[PDB]
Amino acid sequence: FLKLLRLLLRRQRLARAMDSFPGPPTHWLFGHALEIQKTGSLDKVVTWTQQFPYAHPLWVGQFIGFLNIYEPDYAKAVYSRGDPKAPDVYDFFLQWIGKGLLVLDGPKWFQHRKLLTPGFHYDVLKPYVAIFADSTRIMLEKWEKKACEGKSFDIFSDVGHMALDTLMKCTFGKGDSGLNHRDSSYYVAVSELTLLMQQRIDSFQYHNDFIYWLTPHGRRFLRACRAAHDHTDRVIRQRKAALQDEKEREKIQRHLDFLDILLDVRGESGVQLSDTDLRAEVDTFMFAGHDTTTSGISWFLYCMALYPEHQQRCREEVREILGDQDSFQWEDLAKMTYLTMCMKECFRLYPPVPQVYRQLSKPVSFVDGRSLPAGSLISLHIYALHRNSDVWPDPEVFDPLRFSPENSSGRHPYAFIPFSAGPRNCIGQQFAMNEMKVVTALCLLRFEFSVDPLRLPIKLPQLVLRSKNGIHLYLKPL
């Protein structure tokens, strides 16, 4: 009883705050869940976006109500203020990545953010360029054999194994050994975790913790959680043991990679992390550092396939930059200006993270006079934001030149936020951008990509942006 009364009072509170915001009709039980759970609901939200300027309410089951926002001023008003993440959504992370940097709020988040930000300084990243090329070459060898077999194949999983391996070699001290059967067990568990958690987000019956853990869904989730934790436990043990080597420990001790910072080599961290805190940050970054870039690369190579003229331009840019070099140098990534424009245009139409959430700790007033109070829930729809017609002429049209120096000089700084923005932006953005430029550059020099008209990708939200049917492409070796 006590709890049910509070539940209805919040229900009425959240609803009243959004009364100045008209929105689509709500089912009496599911709210908007039934539209959201359909294939294509990202595009149905885009249509709601045209019917309701700026923002519109959004309900999952008549108890939780978000304000879906999709206009730059509205995005800027919230995502510049470092309000906490929406606990109704991010609490589902807890059995999986825990209270790591993505879930933390408040001054503990800033401590860890201060702690981990040196791990992604460009001097730490320069050596990673060589690792990116090695791991890509391993993937491209597999691909030259499949290609000569004549059938189209899904590239997503191969890109993921490659991304996972390159993430661990770069930021977790993995040695030259490479992928092992156990690494694929981790990869498969993330699929299950992001599948199930995305469905929990859209399924209000699964919201209550007590109930969820009794369902087959929740038990499946907790089996996957343990599988992920077995992986991160080994990676941690392995690096503590490897630092017991005299040669190795002397060597590490100017700039430290991600996992060594956490392990507080050289004592300089100035913060003491619990084992819980440590594993949560490893869980968090092991996930965020490969799931996202897998989506980005895979969707990019799809966009290059859809648009061979752009693909050929990118192929010629990177070919001139490489010359007779054995491999690209960190300095070369800046010259890939046109590849970067296509990559941004890809992320506009195919954002690797299409939706994020906040819970306002303070009120906010928007550019049109409407406002919201503290305690309300914000749903940043990056997908619709990037297709906003008031901001992007011909939104569905792929045009890399949208991101030329001239055409972006007066860009609203919150129009194109695939890595978010404000204090809770992506810590890994330049790690990711660098990885993806090196991988896709080598991909284009080695293969020419075309789509499969029989198996065109369908967009599938899954925390990051996946495909219902993979990304099946045809490859020509060169």
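One-based numbering along the sequence shown.
Missing deposited residues between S389 and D390: none, as the chain runs unbroken there. Of the two segments examined, 378-386 and 364-372, it is 364-372 that shows the higher average Cα temperature factor in the deposited entry. Stretch comparison (187-195 versus 324-332) by mean CA B-factor in the PDB entry places 324-332 on top. In the PDB entry, the Cα temperature factor peaks, among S298, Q95, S157, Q272, at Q272. Highest CA B-factor among the listed residues (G175, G289, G150, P351): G175. In this PDB entry, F347 carries a Cα temperature factor that places it within the lowest third of its chain's modelled residues. Annotation for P127: CA B-factor lies in the lowest third of the chain's modelled residues. Looking at the C-alpha B-factors along this chain, the one for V60 belongs to the highest third. In this PDB entry, the Cα temperature factor of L262 sits in the middle third of its chain's modelled residues. The PDB entry assigns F419 a C-alpha temperature factor belonging to the lowest third of its chain's modelled residues.
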